[PDB]
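Asker: Below is a structure I'd like to ask you about.
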Amino acid sequence: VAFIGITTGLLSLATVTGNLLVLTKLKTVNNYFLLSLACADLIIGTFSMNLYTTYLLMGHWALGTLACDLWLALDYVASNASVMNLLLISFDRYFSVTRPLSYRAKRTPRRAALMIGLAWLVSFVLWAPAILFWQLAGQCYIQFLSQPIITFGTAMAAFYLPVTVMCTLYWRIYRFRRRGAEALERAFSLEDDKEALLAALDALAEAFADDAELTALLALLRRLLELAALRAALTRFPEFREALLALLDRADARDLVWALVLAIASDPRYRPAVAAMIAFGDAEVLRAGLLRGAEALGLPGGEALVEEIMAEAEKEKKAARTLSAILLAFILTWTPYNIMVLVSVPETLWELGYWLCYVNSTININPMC
Ligand SMILES: CN1[C@@H]2CC[C@H]1C[C@H](OC(=O)[C@H](CO)c1ccccc1)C2
């Protein structure tokens, strides 16, 4: 009777005052995609939470008609915007992993802040006029969907399909990066080996697929390790041909590949693809292998590459867990309501599940720190 108001009263203040906090550069496209999630969470956590607080009364619902439509429209627009923005984030991560050169290079604040606008527009148009322009005593529900079949269909379409897409994409990127990290780890863990030695090159080839040139080089090196353009292909590496071709005289291929990885990671154009696999690696075996490659290169200037690559690796580990925290929170909190729609329980649990989709808001901004 009194704890209901307190829990949903402080959460709104902990969310609204916890969401205006994220609103000084930080122009990373990840932050651009998180901005819309933060705005939708703010709108929810203030308007929908307060109106549900006022709904949970002995008079069924106060301020009917107009407010019963306005609150419903705001809730069902902001929730769809949040789901579609999470889908956008997941697809962005998947394409950044899969196409690190064709697509990851062309990620700019423009042409990515336009995909954000389409996320809201295809959601606002679908949900706002469908109920606000559709024209019990206090009951407030979307009259345009007063049926069990309709609610099951909308729940499926707006939750399970995006959820299965997100899980498939996250699992795919996790496996794609994990296999490369394992192969790279075995490249140094086992010495005088051929299987792991070729596996490292295979993982490098799979990582770089959007340029064809780097792939051609990896195919050439695979053929060499088991014609005369080996030097011409290696000429793409500046200030590195003399050392690398020296190791190409002739076993010794363990030092050649580890030297090749450092040289590939040098150019910022195709660095992040290597940085991802390094980030999901053991951080010790890969560091030792990279140091071995640097020492096999002859150390022209020094170990000026290993230090910041690990810095870029950990800056990728933070972005990997942040996606997990936001996605996992959405999966856990929204599930109780969308399993209740599956079984179609008293109103004492329908309202308990309805506000469980609002506690997703407060835990959304915590990973942003
Ligand atoms: C209606 N509210 C309450 C609290 C927030 C919102 C969503 C929750 O219900 C759902 O998850 C459906 C699909 O099941 C849904 C509706 C709009 C957009 C995406 C998904 C319950």
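Residue numbering restarts at 1 in every chain; chains get A, B, ... in the order shown in the structure tokens, and ligands count up from 1 in that same order.
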If the limit is 9 Å from any atom of ligand 1, counting only C-alpha atoms and all ligand atoms, which residues qualify? Return them as number ranges by chain.

Answerer: A: 44, 48-49, 72, 75-84, 123, 127, 151-160, 334-335, 337-339, 341, 353-358

Asker: I'd like the neighbourhood of segment 24-40 of chain A as a list in words, where a residue qualifies if any of its atoms comes within 9 Å (using only C-alpha atoms), though same-chain residues fewer than 4 positions away should be ignored.

Answerer: residues 19, 20, 44, 45, 77, 78, 79, 81, 82, 83, 85, 86, 88, 89, 92, 107, 108, 109, 112, 113, 116, 120, 319, 361, 364, 365 and 368 of chain A

Asker: Which neighbours of segment 205-207 of chain A fall inside 8 Å, counting only C-alpha atoms, when residues of the same chain fewer than 5 positions from it are skipped, and could you give them as a PyMOL selection string?

Answerer: chain A and resi 98+100+180+214-215+218-219+273-274

Asker: Can you work out which one of A:96, A:348, A:135, A:90 has the shortest atom-to-atom distance to residue 324 of chain A, counting only C-alpha atoms?

Answerer: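 Residue with the minimum atom-to-atom distance to residue 324 of chain A: A:90.
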
Asker: Using only C-alpha atoms for the distances, tell me which of A:70, A:190, A:181, A:278 is nearest to residue 262 of chain A.

Answerer: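 Residue with the minimum atom-to-atom distance to residue 262 of chain A: A:278.
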
Asker: List every residue of segment 289-354 of chain A that DSSP, applied to the backbone, labels as helix (DSSP H, G or I), and write the result as a PyMOL selection string.

Answerer: chain A and resi 289-296+306-340+347-354

Asker: Between atom CA of residue 232 of chain A and atom CA of residue 248 of chain A, what distance in Å does the model show, to one decimal?

Answerer: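 For atom CA of residue 232 of chain A relative to atom CA of residue 248 of chain A, the distance reads 13.2 Å.
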
Asker: Determine the nearest neighbour of residue 300 of chain A from the options A:343, A:244, A:115, A:131, counting only C-alpha atoms.

Answerer: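 Under the stated criterion, the closest residue is A:244.
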
Asker: Name the closest residue to residue 212 of chain A among the candidates A:99, A:106, A:177, A:321; distances are taken between atoms, counting only C-alpha atoms.

Answerer: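 For residue 212 of chain A, the nearest of the candidates is A:99.
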
Asker: For residue 197 of chain A, work out the shell of residues within 7 Å, counting only C-alpha atoms and skipping chain neighbours fewer than 3 positions away, then give it as an MDAnalysis selection string.

Answerer: chainID A and resid 187 193:194 200:201 254

Asker: With N, CA and C atoms retained, could you export that selection as a PDB file, in the first residue's frame?

Answerer:
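Contents of selection-v2.pdb, freshly written:
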ATOM      1  N   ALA A 187      49.223 -19.649 -31.578  1.00  0.00           N
ATOM      2  CA  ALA A 187      50.357 -19.284 -32.422  1.00  0.00           C
ATOM      3  C   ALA A 187      51.631 -19.089 -31.610  1.00  0.00           C
ATOM      4  N   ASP A 193      55.640 -25.437 -34.320  1.00  0.00           N
ATOM      5  CA  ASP A 193      54.377 -26.043 -34.712  1.00  0.00           C
ATOM      6  C   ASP A 193      53.953 -25.513 -36.074  1.00  0.00           C
ATOM      7  N   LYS A 194      53.213 -26.344 -36.806  1.00  0.00           N
ATOM      8  CA  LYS A 194      52.661 -25.972 -38.101  1.00  0.00           C
ATOM      9  C   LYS A 194      51.166 -25.698 -38.048  1.00  0.00           C
ATOM     10  N   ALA A 200      47.004 -19.156 -37.178  1.00  0.00           N
ATOM     11  CA  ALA A 200      47.125 -17.714 -36.985  1.00  0.00           C
ATOM     12  C   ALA A 200      46.904 -16.968 -38.295  1.00  0.00           C
ATOM     13  N   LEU A 201      47.510 -17.455 -39.380  1.00  0.00           N
ATOM     14  CA  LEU A 201      47.320 -16.833 -40.686  1.00  0.00           C
ATOM     15  C   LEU A 201      45.873 -16.957 -41.146  1.00  0.00           C
ATOM     16  N   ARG A 254      57.684 -19.254 -37.239  1.00  0.00           N
ATOM     17  CA  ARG A 254      57.039 -18.801 -36.011  1.00  0.00           C
ATOM     18  C   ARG A 254      57.300 -17.320 -35.771  1.00  0.00           C
TER      19      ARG A 254
END

Asker: So that I can see what lies close to residue 136 of chain A, please list as a PDB file with N, CA, C and O atoms, in the first residue's frame the residues with an atom at most 12 Å from it, counting only C-alpha atoms and leaving out residues fewer than 5 positions away in the same chain.

Answerer:
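Writing done, so here's part15.pdb:
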ATOM      1  N   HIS A  60      -9.447   3.139 -10.018  1.00  0.00           N
ATOM      2  CA  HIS A  60      -9.132   2.553 -11.317  1.00  0.00           C
ATOM      3  C   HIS A  60      -8.092   3.384 -12.058  1.00  0.00           C
ATOM      4  O   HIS A  60      -6.945   2.954 -12.214  1.00  0.00           O
ATOM      5  N   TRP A  61      -8.478   4.573 -12.517  1.00  0.00           N
ATOM      6  CA  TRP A  61      -7.562   5.446 -13.241  1.00  0.00           C
ATOM      7  C   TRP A  61      -8.121   6.858 -13.222  1.00  0.00           C
ATOM      8  O   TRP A  61      -9.289   7.067 -13.564  1.00  0.00           O
ATOM      9  N   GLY A  64      -9.097  10.313 -17.234  1.00  0.00           N
ATOM     10  CA  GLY A  64      -9.324   9.408 -18.341  1.00  0.00           C
ATOM     11  C   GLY A  64      -9.287  10.095 -19.692  1.00  0.00           C
ATOM     12  O   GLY A  64      -8.926  11.268 -19.821  1.00  0.00           O
ATOM     13  N   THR A  65      -9.676   9.333 -20.718  1.00  0.00           N
ATOM     14  CA  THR A  65      -9.761   9.792 -22.103  1.00  0.00           C
ATOM     15  C   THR A  65      -8.449  10.380 -22.614  1.00  0.00           C
ATOM     16  O   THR A  65      -7.578   9.645 -23.091  1.00  0.00           O
ATOM     17  N   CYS A  68      -5.402   9.144 -20.734  1.00  0.00           N
ATOM     18  CA  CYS A  68      -5.328   7.709 -20.985  1.00  0.00           C
ATOM     19  C   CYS A  68      -4.805   7.400 -22.379  1.00  0.00           C
ATOM     20  O   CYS A  68      -4.227   6.331 -22.592  1.00  0.00           O
ATOM     21  N   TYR A 141      -6.280   0.788 -21.763  1.00  0.00           N
ATOM     22  CA  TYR A 141      -5.571  -0.123 -22.649  1.00  0.00           C
ATOM     23  C   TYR A 141      -5.751   0.361 -24.079  1.00  0.00           C
ATOM     24  O   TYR A 141      -6.684   1.107 -24.387  1.00  0.00           O
ATOM     25  N   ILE A 142      -4.841  -0.062 -24.953  1.00  0.00           N
ATOM     26  CA  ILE A 142      -4.918   0.343 -26.354  1.00  0.00           C
ATOM     27  C   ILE A 142      -6.138  -0.331 -26.974  1.00  0.00           C
ATOM     28  O   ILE A 142      -6.148  -1.546 -27.190  1.00  0.00           O
ATOM     29  N   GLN A 143      -7.179   0.458 -27.249  1.00  0.00           N
ATOM     30  CA  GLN A 143      -8.401  -0.100 -27.813  1.00  0.00           C
ATOM     31  C   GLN A 143      -8.185  -0.673 -29.204  1.00  0.00           C
ATOM     32  O   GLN A 143      -8.917  -1.583 -29.604  1.00  0.00           O
ATOM     33  N   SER A 146      -7.644  -4.609 -28.804  1.00  0.00           N
ATOM     34  CA  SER A 146      -8.432  -5.289 -27.776  1.00  0.00           C
ATOM     35  C   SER A 146      -8.760  -6.706 -28.247  1.00  0.00           C
ATOM     36  O   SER A 146      -9.851  -7.001 -28.738  1.00  0.00           O
TER      37      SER A 146
END
